[PDB]
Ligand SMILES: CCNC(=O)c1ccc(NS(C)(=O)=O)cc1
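Just the one chain here, laid out as structure tokens, in the form solved without this ligand.
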């Protein structure tokens, strides 16, 4: 138990000190390591339940049972007299830098998870390199350090969402007494994109400074794992070379998919291209029905666009379908057109994009509805949002032995280990895990702590909350209503629900019974909250806090005994009483 933990910790930590808070000999070693600029992990034995057992287990490695004890890459280095000796004799630097590999850690991929892992590992003295390269899109788009979220995901997505929310703010301002006239105000797309790209640029810069300040080596190069410890890198000048590392973290993420139809790659675009587009898309078709599809269609419409979404079958597959339908109806009532039960057959080019005058081209889209009727219509821009996929065939030689699943994602144990014992995987390519930036960050930081600082905490992937930033936002935590009924049966499930109206919407003359909330509960388990769902403004701020209560096992009774904050939207969760089985109306 304790014995196997100690061996695992000593074997993979890069530099680690065993210590007690009250020991002046340990203080003297800490001071020497600080002065020499030697970073290391520290375990304070006097602060652990079984420090006594741990102190005795150290002797199986060092043949002594006192503190301090210094180790470098699995090897006992000395007590305080020995460490001081090495320091005085100018020998300490060379010992702590002695390694069988170029790096203690190589991270392949410089996104949300990889950056977080690399920075955390370096704080405990691991000699670390992070590799990042951005393969250009079909039309040539490329961007800087930071990954999908920073450059072409969460960050620019929510900034343009905000630009679209401000259009309703301008409308609302008239009713609250401001003198503007919403009817004579227009939006400039390229002004918005300049502002968004300037913030992304400051993040690109920020991460390069953060890696330099943590002594992480940053290589803007494509990586390929060719054996368990060898990473082949290719330059921006196509220079090829090989580096070695003790531990390897794969953190390379995904890229958008294209359907195999004529004209799709040549004439359409994806979200990768959209957030830095130099011209307003104009009349736009969005193909797909994921949260990416619906979020982009939504802000394009709020910014004055003529927008259609082409839906193969359902909206938001895998989310609660009653919530998904309310999301779609609101978008349709505020402008967005939907072509339902429809797929595309080809894209034809009527006009080439005008780089000179900064204007889109023109396309003819042909398709069919599931009953066989035909679809034919002209658009200026066609955005494909039909899923994302890893491309590990590039990153990973088949002979290394890292196992993939039928979608090409990496099969991992619950501590992120692959089938190759020194190789781990995090973020979107970890099979079966929620594909979200806070998950990738948590997994990468927690893993770095286990490898290099002796931590034991695992990442908990259950009941992770989400928010879809559609024009009216949708927050959720836990099971959908249909999944709860599937798992436990209808008679064991109670659902509490209510409509509501934000106070901010009253003077503004907005809709009475559009926002909506429900709790899905299990009768036989003290009416445990199995899932929470809210459609309304600031849905992500509303939901975040409740995700702690659900993690702790909240029941309906816990929600009833907590008091509301007034006036808020979130307080409605604390007074729910209408059940779906009663058949009583949920309106206000």
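If you superpose the two forms and keep the largest set of C-alpha atoms that fall within 1.5 Å, you have the rigid core. Positions refer to the first chain, counted from 1.
Between stretches 39-47 and 538-546, greater average Cα displacement in 9 other deposited structures of this protein relative to the shown form, fitted by the core, falls on 39-47. Across the superposed structures in 9 other deposited structures of this protein, aligned by the core, the stretch whose Cα atoms lie more distant on average is 90-98, chosen from 114-122 and 90-98. Relative to one another, 182-190 and 288-296 have unequal mean CA B-factors, and 182-190 is the one with the higher figure. In this crystal structure, the stretch out of 440-448 and 124-132 whose C-alpha atoms carry the higher mean B factor is 124-132.
In this entry, the residue among 105, 331, 203, 396 with the greatest C-alpha B factor is 396. In this entry, the residue among 160, 226, 515, 365 with the greatest C-alpha B factor is 226. Ranked against the other modelled residues of its chain, the C-alpha B-factor of residue 522 as given in the entry falls in the middle third.
The PDB entry assigns residue 176 a C-alpha temperature factor belonging to the middle third of its chain's modelled residues. Compared with the other modelled residues of the chain, the Cα B-factor recorded for residue 47 ranks in the highest third. The deposited CA B-factor of residue 54 belongs to the highest third of values across its chain. The deposited CA B-factor of residue 340 belongs to the middle third of values across its chain.
The protein also exists as the form solved in complex with this ligand; that form is not presented, and the subsequent description refers to it.
Residue contact with this ligand in the deposited complex: residue 548 places no heavy atom within 4.5 Å of it. Heavy atoms of residue 137 reach within 4.5 Å of this ligand in the deposited complex, making it an interface residue.
In the deposited complex, no heavy atom of residue 205 sits within 4.5 Å of this ligand.
By the criterion of a heavy atom within 4.5 Å, residue 71 is excluded from the residues contacting this ligand in the deposited complex. Interface residue among 265, 159, 92, 485, judged by heavy atoms within 4.5 Å of this ligand in the deposited complex: 265. Though this ligand is absent from this view, in the deposited complex it lies within 4.5 Å of a heavy atom of just one residue from 96, 453, 383, 517, which is 453. Using a 4.5 Å cut-off on any heavy atom, the one residue of 1-40 that reaches this ligand in the deposited complex is 5.
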